[PDB]
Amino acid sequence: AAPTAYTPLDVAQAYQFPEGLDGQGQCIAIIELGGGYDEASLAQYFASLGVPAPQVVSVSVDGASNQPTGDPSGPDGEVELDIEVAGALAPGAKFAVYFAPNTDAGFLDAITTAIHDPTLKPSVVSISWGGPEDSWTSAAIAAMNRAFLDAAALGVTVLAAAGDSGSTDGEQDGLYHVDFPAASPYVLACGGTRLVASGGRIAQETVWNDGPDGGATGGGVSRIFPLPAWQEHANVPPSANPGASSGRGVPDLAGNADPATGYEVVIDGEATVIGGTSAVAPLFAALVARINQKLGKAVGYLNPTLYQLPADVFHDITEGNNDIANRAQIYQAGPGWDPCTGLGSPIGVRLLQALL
């Protein structure tokens, strides 16, 4: 009954993305730690979709490059998903794709390279790579967080997928875990929903959770970052971990991620349907580029503002949980901000209006 797949244009129509804006005059940076894209996959994608193929440029960081491995189950499914979702929705934007070694060094460098790129000058950075907070060294965490801090002062929005393994984030240690870089207070963390869209509008939108075998959105309470003052009115709960400690609530926003209501894309030259919170940072990156186009000034660091905007700028997700480690429903969605979906799915035209 409910659709089993969407085009990005369908998802954007449900989230009322602001029309007649295509990201012209903006650059979206996408960070990549493996695989690549091929011109054949993208051209087929955008032709079948029916949108003018956007300009995409590969950038080599620390010696890595654009190199498809041909396995749609590998990193190409990430690189091509990121370009196809964001390019479908901001096809007037220029896309800058930074390829780096999958190392602490390569991840950081790819980000700092993007933020400061004097030639492509992206106003938005989209990230769909990560790892549980404690899987990172404290120094790597610090370098990265300072890059995000830098991004904010430069007027560059940084978005990042919150993770595809629920509230335990792929760690079995009796503890709940959030993913980094989504946990950074300077990053717009992107969570995952199952969307059911009907007639261009949302018929239902619930937490993405297909069990331990099909994935769940990341979400929870940071153990590294304290609760930011802009989250003081969001009713963030304490971590569900034994000392009940206060912390940055993840994520900030959420959108369609459930493979079961997935995106129709072309990976390694073949059609398929995939999801993952990996699709949602591109999705909203496109949204931000459209807003930048209309306001004529980069929104830059957006998190604090979101939380003080009127609640009706967001579609509230209230049903579901992102627990795949057990049946205790940690964490669960509910009225207002929750640790599965944040403030909810943005309603693009209202968000823009509130920023005018």
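In case it trips you up, residue 1 is the first one in the sequence shown, and so on.
Look up the CA B-factors in the entry and say which stretch, 273 to 281 or 191 to 199, has the higher mean. Result: 191 to 199.
Between 297 to 305 and 57 to 65, point out the one with the higher average CA B-factor as the PDB entry records it. The deposited B-factors put 57 to 65 ahead on the C-alpha mean.
Determine which member of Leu253, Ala160, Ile115, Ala234 has the highest CA B-factor, using the values in the deposited entry. Most elevated C-alpha B-factor of the set, per the entry: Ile115.
From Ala216, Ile141, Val85, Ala152, pick the one with the largest CA B-factor in the entry? Of the options given, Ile141 has the highest CA B-factor in the PDB entry.
Lowest, middle or highest third: which one holds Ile347 when the chain's residues are ordered by CA B-factor from the entry? For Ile347, the deposited C-alpha B-factor lands in the middle third.
Once the chain's modelled residues are ordered by C-alpha B factor and cut into thirds, is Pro181 in the lowest, middle or highest one? Middle third, going by the recorded CA B-factors of the chain.
Which third, lowest, middle or highest, does the CA B-factor of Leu9 fall in along this chain? It belongs to the lowest third of the chain when residues are ordered by C-alpha B-factor.
Chain third (lowest, middle, highest) by recorded CA B-factor, residue given as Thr206: Its C-alpha B-factor, which the entry lists for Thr206, ranks in the lowest third among residues of this chain.
Would you please rank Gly92 by its C-alpha temperature factor against the other modelled residues of its chain and give the third it falls in: lowest, middle or highest? Middle third by C-alpha B-factor.
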